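> Before I ask anything, let me first share the structure, which is written out below as structure tokens.
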Amino acid sequence: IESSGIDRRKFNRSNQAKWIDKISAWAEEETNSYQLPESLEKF
DNA sequence: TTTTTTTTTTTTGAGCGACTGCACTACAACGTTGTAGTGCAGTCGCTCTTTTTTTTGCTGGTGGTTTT
């Protein structure tokens, strides 16, 4: 846990859990950008 | 095979990016609280060119406009 990393990441993981329902969509969630190793290491 | 009427407009920009406000936790100052950093959402500016390039048969040839 970093100072830039807020404790509301479980809400983003719950939003990503509701995203995996069907593959008919085309646009992914913005919160996947929270799960990047280039962004998590800098935070 | 015939025939009738009639004068009212509307609608239209959206993605990119910043400003500002409220919530939310991390961490140091004085268990608790104030300050700092970030996320999310409502509100708002802005801005979207320029232009020009061509061969065509004067009557090419038994052709041909006009009055009773």
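Here, A, B, ... name the chains of the structure tokens in the order displayed, residue numbers run from 1 inside each chain, and ligands are numbered from 1 in the same displayed order.
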Where does DSSP see helix (DSSP H, G or I) in chain A, if you list the residues as a list in words?
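Here are the helix (DSSP H, G or I) residues of chain A: residues 9, 10, 11, 12, 13, 14, 15, 16, 17, 18, 19, 30, 31, 32, 33, 34, 35, 37, 38, 39, 40, 41 and 42 of chain A.
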> Write the residues you've just listed into a file as a PDB file, in the first residue's frame, and include C-alpha atoms for each of them.

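Okay, this is what ended up in again.pdb:
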ATOM      1  CA  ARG A   9      -9.055  -0.436  -5.032  1.00  0.00           C
ATOM      2  CA  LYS A  10     -11.441  -3.156  -3.820  1.00  0.00           C
ATOM      3  CA  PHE A  11     -14.280  -1.097  -5.319  1.00  0.00           C
ATOM      4  CA  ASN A  12     -12.420  -1.108  -8.648  1.00  0.00           C
ATOM      5  CA  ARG A  13     -11.939  -4.878  -8.346  1.00  0.00           C
ATOM      6  CA  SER A  14     -15.667  -5.253  -7.636  1.00  0.00           C
ATOM      7  CA  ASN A  15     -16.398  -3.149 -10.728  1.00  0.00           C
ATOM      8  CA  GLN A  16     -14.106  -5.406 -12.770  1.00  0.00           C
ATOM      9  CA  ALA A  17     -15.872  -8.455 -11.309  1.00  0.00           C
ATOM     10  CA  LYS A  18     -19.168  -7.155 -12.726  1.00  0.00           C
ATOM     11  CA  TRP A  19     -17.470  -6.560 -16.094  1.00  0.00           C
ATOM     12  CA  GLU A  30     -11.210   2.275 -17.241  1.00  0.00           C
ATOM     13  CA  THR A  31     -10.227   0.589 -13.949  1.00  0.00           C
ATOM     14  CA  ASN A  32      -8.075  -1.901 -15.893  1.00  0.00           C
ATOM     15  CA  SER A  33      -5.693   1.064 -16.207  1.00  0.00           C
ATOM     16  CA  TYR A  34      -5.430   0.786 -12.409  1.00  0.00           C
ATOM     17  CA  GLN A  35      -3.973  -2.723 -12.911  1.00  0.00           C
ATOM     18  CA  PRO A  37       2.562  -2.604 -13.823  1.00  0.00           C
ATOM     19  CA  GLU A  38       3.911   0.626 -15.328  1.00  0.00           C
ATOM     20  CA  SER A  39       1.395   2.651 -13.288  1.00  0.00           C
ATOM     21  CA  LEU A  40       1.438   0.593 -10.073  1.00  0.00           C
ATOM     22  CA  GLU A  41       5.238   0.717  -9.780  1.00  0.00           C
ATOM     23  CA  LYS A  42       5.311   4.505 -10.199  1.00  0.00           C
TER      24      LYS A  42
END
> Find the residues of chain B in contact range of chain A, meaning any atom within 8 Å when counting only C-alpha atoms (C1' of nucleotides), and list them as a VMD selection string.
chain B and resid 25 to 26 37 to 38
> Could those residues be written to a file, using N, CA and C atoms (P, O5', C5', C4', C3', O3' and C1' of nucleotides), as a JSON list (two decimals), in the first residue's frame?

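Saved result, part_13.json, follows:
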[["chain", "number", "residue", "atom", "x", "y", "z"],
["B", 25, "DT", "P", -12.30, 5.72, 3.19],
["B", 25, "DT", "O5'", -10.75, 5.66, 3.57],
["B", 25, "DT", "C5'", -9.87, 4.88, 2.78],
["B", 25, "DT", "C4'", -8.53, 5.57, 2.60],
["B", 25, "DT", "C3'", -7.48, 5.26, 3.68],
["B", 25, "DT", "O3'", -6.28, 4.82, 3.06],
["B", 25, "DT", "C1'", -7.59, 7.58, 3.26],
["B", 26, "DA", "P", -5.23, 3.89, 3.85],
["B", 26, "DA", "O5'", -3.82, 4.56, 3.52],
["B", 26, "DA", "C5'", -3.77, 5.94, 3.18],
["B", 26, "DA", "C4'", -2.34, 6.46, 3.18],
["B", 26, "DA", "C3'", -1.47, 5.93, 4.29],
["B", 26, "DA", "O3'", -0.09, 6.10, 3.94],
["B", 26, "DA", "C1'", -2.13, 8.17, 4.77],
["B", 37, "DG", "P", 0.90, 17.30, -1.43],
["B", 37, "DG", "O5'", 0.24, 16.08, -2.21],
["B", 37, "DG", "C5'", 0.59, 14.75, -1.86],
["B", 37, "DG", "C4'", -0.49, 13.77, -2.29],
["B", 37, "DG", "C3'", -0.97, 13.95, -3.73],
["B", 37, "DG", "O3'", -0.73, 12.76, -4.47],
["B", 37, "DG", "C1'", -2.81, 13.72, -2.21],
["B", 38, "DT", "P", -0.95, 12.73, -6.06],
["B", 38, "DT", "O5'", -2.37, 12.02, -6.22],
["B", 38, "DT", "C5'", -2.56, 10.73, -5.66],
["B", 38, "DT", "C4'", -4.03, 10.36, -5.60],
["B", 38, "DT", "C3'", -4.77, 10.37, -6.95],
["B", 38, "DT", "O3'", -5.40, 9.11, -7.15],
["B", 38, "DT", "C1'", -6.02, 11.49, -5.29]]
> Please provide the set of residues having any atom within 12 Å of stretch 5-13 of chain B, restricted to only C-alpha atoms (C1' of nucleotides), with same-chain residues fewer than 2 positions apart removed, written as a compact mmCIF listing (two decimals) with N, CA and C atoms (P, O5', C5', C4', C3', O3' and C1' of nucleotides), in the first residue's frame.

# COMPACT_ATOMS: atom_id res chain seq x y z
P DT B 3 -67.27 16.21 -64.87
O5' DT B 3 -66.84 16.15 -63.33
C5' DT B 3 -67.74 16.56 -62.32
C4' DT B 3 -67.31 16.01 -60.97
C3' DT B 3 -66.22 16.80 -60.28
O3' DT B 3 -66.80 17.83 -59.49
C1' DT B 3 -65.74 14.45 -60.21
P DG B 15 -18.94 12.21 -28.19
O5' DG B 15 -17.36 11.96 -28.14
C5' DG B 15 -16.60 11.98 -29.34
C4' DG B 15 -15.36 12.85 -29.20
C3' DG B 15 -14.52 12.58 -27.96
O3' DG B 15 -13.15 12.52 -28.32
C1' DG B 15 -15.10 14.88 -28.06
P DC B 46 -12.67 29.91 -25.43
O5' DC B 46 -11.60 28.91 -26.06
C5' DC B 46 -11.71 27.51 -25.84
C4' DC B 46 -11.64 26.75 -27.16
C3' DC B 46 -12.33 27.45 -28.32
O3' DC B 46 -11.77 26.99 -29.54
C1' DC B 46 -13.46 25.47 -27.88
P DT B 47 -10.60 27.81 -30.28
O5' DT B 47 -9.95 26.72 -31.25
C5' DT B 47 -10.14 25.33 -30.98
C4' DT B 47 -11.00 24.68 -32.06
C3' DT B 47 -11.43 25.62 -33.19
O3' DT B 47 -11.19 25.01 -34.44
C1' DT B 47 -13.30 24.48 -32.30
P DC B 48 -10.29 25.76 -35.54
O5' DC B 48 -10.47 24.87 -36.86
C5' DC B 48 -10.12 23.49 -36.83
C4' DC B 48 -11.32 22.63 -37.20
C3' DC B 48 -12.10 23.12 -38.41
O3' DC B 48 -11.52 22.63 -39.60
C1' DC B 48 -13.56 22.37 -36.64
